[PDB]
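So that the names make sense, note that chain A is the first sequence line, chain B the second, and so on, each numbered from 1.
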Amino acid sequence: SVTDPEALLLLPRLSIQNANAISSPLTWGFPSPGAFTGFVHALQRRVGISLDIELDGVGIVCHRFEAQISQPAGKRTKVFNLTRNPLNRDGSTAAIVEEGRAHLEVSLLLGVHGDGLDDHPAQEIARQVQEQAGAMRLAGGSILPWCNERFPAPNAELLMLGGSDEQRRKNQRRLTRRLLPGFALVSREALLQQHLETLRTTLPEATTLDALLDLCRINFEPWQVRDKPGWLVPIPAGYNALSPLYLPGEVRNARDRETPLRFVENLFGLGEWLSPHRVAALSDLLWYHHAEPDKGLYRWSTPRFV
Amino acid sequence: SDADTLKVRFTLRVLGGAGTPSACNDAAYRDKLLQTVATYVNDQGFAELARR
Amino acid sequence: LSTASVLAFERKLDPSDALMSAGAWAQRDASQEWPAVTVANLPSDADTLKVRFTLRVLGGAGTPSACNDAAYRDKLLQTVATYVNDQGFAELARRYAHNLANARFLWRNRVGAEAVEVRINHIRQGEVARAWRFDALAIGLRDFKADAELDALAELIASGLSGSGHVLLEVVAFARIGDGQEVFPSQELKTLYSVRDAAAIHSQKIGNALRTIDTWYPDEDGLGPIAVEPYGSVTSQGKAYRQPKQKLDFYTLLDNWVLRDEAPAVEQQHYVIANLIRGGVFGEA
Amino acid sequence: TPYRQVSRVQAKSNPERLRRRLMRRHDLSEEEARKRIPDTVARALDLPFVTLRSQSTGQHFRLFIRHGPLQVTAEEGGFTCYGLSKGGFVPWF
RNA sequence: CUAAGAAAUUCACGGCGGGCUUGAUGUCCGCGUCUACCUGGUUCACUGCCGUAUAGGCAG
């Protein structure tokens, strides 16, 4: 439970068009959690210093999902819908470097820490965060601001260290009315490890054993299907170095000549989509990223979710 | 068969901060890039691009 | 040995629907033909009301219609046997006779009246065997338990509840509410309640004024009688009385006196027996 | 005693269940009875007054606050309008 | 500081000719639904009470 938020912030219903749907070399679907943990850090270096606050955690709640896919004739797999790119200066068609896209309706429980809570009102913070977050892009996709027939959904804020124990189930059961048509994505790292010593029949690794939880696999009649622990998905769970760290000028194709570089690989894990009524406290639902730069581990998870 | 009118709606957002790159290696190139973008903007507005 | 699971009692002291007719005074004993309220315009010739219902006093107290355990059956019948060896039903019967004595079955057609007279007739055939006349404004309605020649009407109901005779009572109530105001019958789901094109009162509402007995309750005796109800509540005034936290309550006083044979000076058992006369699906589990 | 006391005496001027035919009947015809006055201009909705009911009523018929008649004088003999005269004695404590 | 940052699928079209789904049939036989209740909570504007502006005889 590192850096417990003194305030939760609910960016209520963000509508996103053309988000990246590939998300890893192995997975596809809902985009990576590192996109969200980078989005909250891009908020943090635009309004977080001007308000002296700290946006550090993020809760991912997907309300609506739609992918540009199509199922071919005579196959049970999917293929991705594409865009026609511009031509070359030769007049010929360029290569088809395929990309997956998805529409996306999301909610973001942010978590605020600093001393700027105690200087500004709770309504000043929420507008300066919301109207900033309509200038940015989430997963390569445009955050589309509100216009409709209904009313724009407002950006609330709790102060979850404030109140009695009756307010600690009056407040955290008031936001859950605004998160309930969708599902929350949490990190399940203990399941994939306790399913690894569960396999005593074979002695596998975590690669073939995360592939054995994605399955609606069918067991022989002693037919039947093996039991469901929930709605489990594979997620990208960070990065891992495959190179030593380079000095910040000794590659001349970097994004900048002031930051060190590593060549990294992906690092795959397990997650679960669950209704937010199973959630005891909504601060346990937040995504952080910790790094071990002495190792090569750059990863993200939801800690404090038992 | 009873409708004669097509309605097409979309939402545009005009962001701004135009000449700032989202990626650049050289600090010298960004420094003499945003100065050239400013001496475009300060000498004449976006009004010629904005009308079109 | 323990409480059964399925147990129900039947409604002793069952009234019928009281049809209400108007009519002019000085035709009182010759009231063979007074018309009823013909609907919704009321005259000024008729200056008094006429409310008639019949009342059967059946008999049997602690015999269920449908029990579930025979040991509990005989234990409840011997509890009612030890109650009835102690005394008759006459202490409850005089308090039922008190509600019979006035016209408190006229709920709001009695408040605002100048003279109300109630006539109770104990009939064996169509012939009337013994008649009564009471003055409703001049008799009690609260306490002090004192009016002469009403003890015979008490002993009649005590015999009929103890089973010493068939008792059928044919009552008439003359309410001088005034020279033809607009009286108020019961109301269904807004439309006034009728019987055949004559206005009337429901028999559970006529019957609700009859088990308005209970002047014994946890608070002080300054407000008077409440209807004998399990978890004895008031449905529109709002106060829901006889909380099960404290012990004076029907299910507590029934289950501790049948199963756990309690007998201190607790001789206000009249609430429990008055609930058994009310009947109802008591519990169970 | 303060200058506080409420009243209700004179509120009977223009009934609302019977409106269109109180306006002009003097045993003559109606040739111009559609654009006489605009009633569509005013729109008000408030009833904070005592509901006092009678026979053949809905929730409450009407009443509007017509305050201002107040004296420190109670009722008198022979002068009654509904149930009360101009003023009266009741204080706070 | 987000597997970051970028993107026009487009033009045209005749699905169509014909047809026998039949024949036959036993759904039966038995049954306990009961006990109790206040709509005394805000449950459509039915022809005979002299003028929105604070103003005027209600044996309803």
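- With ring centres under 5.5 Å apart and planes tilted under 30°, the neighbouring bases E/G15 and E/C16 are scored as stacked.
- Between C/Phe282 and C/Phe250, the distance separating the two ring centers is shorter than 6.0 angstrom.
- With both ends at atom P, the span from E/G56 to E/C50 equals 15 Å, rounded to whole Å.
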Compile the donor-acceptor pairs under 3.5 Å between side chains in residues 60-67 of chain C and protein atoms, sequence neighbours left out, one pair per line.
| from | atom 1 | to | atom 2 | distance (Å) |
| --- | --- | --- | --- | --- |
| C/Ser65 | OG | C/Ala8 | O | 3.3 |

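- If you check every strand for non-hydrogen atoms under 4.0 Å, C/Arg108 touches nothing.
- A/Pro25 comes within 4.0 angstrom of a base, heavy atoms only.
- Counting only heavy atoms from C-beta on, A/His41 has its side chain closest to E/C1 among E/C1, E/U2, E/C58.
- Base pairing in RNA chain E gives no stem of 3 or more Watson-Crick or G-U pairs under 3.5 Å.
- In this entry the base of E/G19 is anti relative to its sugar, with a glycosidic angle more than 90° from 0.
- With E/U42, E/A3, E/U43 as the choices, the nucleotide that has an atom nearest any side-chain atom of C/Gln187 turns out to be E/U43.
- Both tests pass for D/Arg8 against the ring of D/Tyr82: distance under 6.0 Å to the centre and angle within 45° of the axis.
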So which protein N/O to nucleotides 6-9 of chain E N/O distances come out below 3.5 Å?
| from | atom 1 | to | atom 2 | distance (Å) |
| --- | --- | --- | --- | --- |
| E/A6 | OP1 | A/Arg137 | NH1 | 2.6 |
| E/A6 | OP2 | A/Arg137 | NH2 | 3.1 |
| E/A7 | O2' | A/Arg84 | O | 3.2 |
| E/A7 | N9 | A/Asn85 | OD1 | 3.4 |
| E/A7 | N6 | A/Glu99 | OE2 | 3.1 |
| E/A7 | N3 | A/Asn85 | OD1 | 3.2 |
| E/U9 | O5' | A/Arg84 | N | 3.4 |
| E/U9 | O2' | A/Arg84 | NH2 | 3.1 |
| E/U9 | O2 | A/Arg84 | NH2 | 2.9 |

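- Nearest-nucleotide positions on RNA chain E for A/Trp300 and D/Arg8 put A/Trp300 closer to the 5' end.
- For the atom pair OG (A/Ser142) and CG (B/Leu15), the distance works out to 8.0 Å, reported to the nearest 0.5 Å.
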List the atom pairs, donor and acceptor, that lie under 3.5 Å between side-chain atoms in residues 25-33 of chain A and the rest of the protein, sequence neighbours left out.
| from | atom 1 | to | atom 2 | distance (Å) |
| --- | --- | --- | --- | --- |
| A/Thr27 | OG1 | A/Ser24 | OG | 2.9 |
| A/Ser32 | OG | A/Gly34 | N | 3.3 |

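- By the ring-ring contact (aromatic ring centres under 6.0 Å, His included) test, C/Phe53 is found to be paired with C/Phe105, residues two or more places apart in sequence or in another chain being considered.
- Looking at A/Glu105 and A/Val61, their side chains never come closer than 4.5 Å, going by heavy atoms from C-beta outward.
- One atom, NZ of C/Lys12, and another, P of E/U35, lie 12 Å apart when rounded to the nearest Å.
- Between A/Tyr239 and the options A/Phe263, A/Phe268, A/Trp300, A/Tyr298, a ring-ring contact (aromatic ring centres under 6.0 Å, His included) holds for only A/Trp300.
- The pentose of E/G41 is categorized as north (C3'-endo side) on the basis of a positive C1'-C2'-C3'-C4' torsion.
- Legend: residues meeting side-chain hydrogen bond (donor to acceptor under 3.5 Å, both in side chains) with D/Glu16, ordered by chain and number and at least two apart, are absent.
- Out of E/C46, E/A4, E/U39, the shortest distance to the side chain of A/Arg255 is found at E/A4.
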Counting only pairs under 3.5 Å, give me each side-chain donor-acceptor contact of residues 252-261 of chain A, with atom names and distances, residues two or more places apart or in other chains.
| from | atom 1 | to | atom 2 | distance (Å) |
| --- | --- | --- | --- | --- |
| A/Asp256 | OD2 | A/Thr259 | OG1 | 3.0 |
| A/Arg257 | NH1 | B/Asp26 | OD1 | 2.3 |

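- Stacking check, E/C34 with E/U35: both criteria met, centre separation under 5.5 Å and interplanar angle under 30°.
- Across all strands, A/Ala42 comes closer than 4.0 Å to base atoms (heavy-atom distances).
- Spacing between atom CZ of D/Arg62 and atom P of E/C58 amounts to 14 Å, rounded to whole angstrom units.
- For the salt bridge (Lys or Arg N to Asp or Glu O under 4.0 Å) test, no residue two or more places apart in sequence or in another chain qualifies with A/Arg101.
- Pucker check on E/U39: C1'-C2'-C3'-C4' positive, sugar north.
- Using modelled atom types, no side-chain atom of C/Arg104 and backbone atom of C/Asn99 make a donor-acceptor pair closer than 3.5 Å.
- In E/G57 the base sits syn relative to the sugar, since the glycosidic angle is no further than 90° from 0.
- For the strand neighbours E/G17 and E/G18, base stacking is absent under the 5.5 Å centre-distance and 30-degree plane-angle rule.
- Separation of the A/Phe39 and A/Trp287 ring centroids does not fall under the 6.0 Å cut-off.
- Contacts of A/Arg45 with the nucleic acid, taken as non-hydrogen atoms under 4.0 Å apart, include base atoms.
- Classification of E/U10 as anti follows from a glycosidic angle more than 90° from 0.
- At a non-hydrogen distance threshold of 4.0 Å, nothing from residues 32-55 of chain D comes into contact with RNA chain E.
- Sugar pucker annotation for E/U42: north, assigned from a positive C1'-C2'-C3'-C4' dihedral.
- Counting any heavy atom pair closer than 4.0 Å across all strands shown, C/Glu188 reaches a base atom.
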When the side chains of residues 81-100 of chain A are checked against the rest of the protein, which donor-acceptor pairs come out under 3.5 Å, sequence neighbours left out?
| from | atom 1 | to | atom 2 | distance (Å) |
| --- | --- | --- | --- | --- |
| A/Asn81 | OD1 | A/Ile69 | N | 3.3 |
| A/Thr83 | OG1 | A/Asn85 | OD1 | 3.4 |

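- E/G5 has a positive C1'-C2'-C3'-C4' torsion, placing its sugar in the north range.
- For the pair C/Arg278 CZ and E/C37 P, the computed distance is 6 Å after rounding to whole Å.
- At the heavy-atom level, D/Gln10 lies under 4.0 Å from base atoms of the strands shown.
- A donor-acceptor pair shorter than 3.5 Å can be found between the side chains of C/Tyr193 and C/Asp17.
- Residue contacts for A/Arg46: at a heavy-atom cut-off of 4.0 Å it reaches no nucleic acid atom on any strand shown.
- The pentose of E/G26 is categorized as south (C2'-endo side) on the basis of a negative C1'-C2'-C3'-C4' torsion.
- Within the nucleic acid shown, C/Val234 comes within 4.0 Å of at least one base atom, counting heavy atoms only.
- Both conditions, centre separation below 5.5 angstrom and plane angle below 30 degrees, do not jointly hold for the six-membered rings of E/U25 and E/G26.
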Under 3.5 Å, which protein N or O atoms sit close to an N or O of nucleotides 48-51 of chain E? Give each pair with its distance.
| from | atom 1 | to | atom 2 | distance (Å) |
| --- | --- | --- | --- | --- |
| E/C49 | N4 | D/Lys12 | NZ | 3.2 |

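- Atom CZ of A/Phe39 is separated from atom P of E/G5 by 13 Å (rounded to the nearest Å).
- Per the geometry, CD belonging to A/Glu98 stands 13 Å off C1' belonging to E/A3, to the nearest Å.
- Remark: C/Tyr96 engages no residue in a ring-ring contact (aromatic ring centres under 6.0 Å, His included) (not counting sequence neighbours).
- Looking at heavy atoms from C-beta onward, A/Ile143 lies in side-chain contact with B/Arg13 at the 4.5 angstrom threshold.
- Here the separation of E/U52 from E/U42, taken at their P atoms, is 33 Å to the nearest Å.
- On the P atoms, E/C1 is 43 Å away from E/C11, given to the nearest whole Å.
- A/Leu104 places its CG atom 18 Å from the P atom of E/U2, with the value rounded to the nearest Å.
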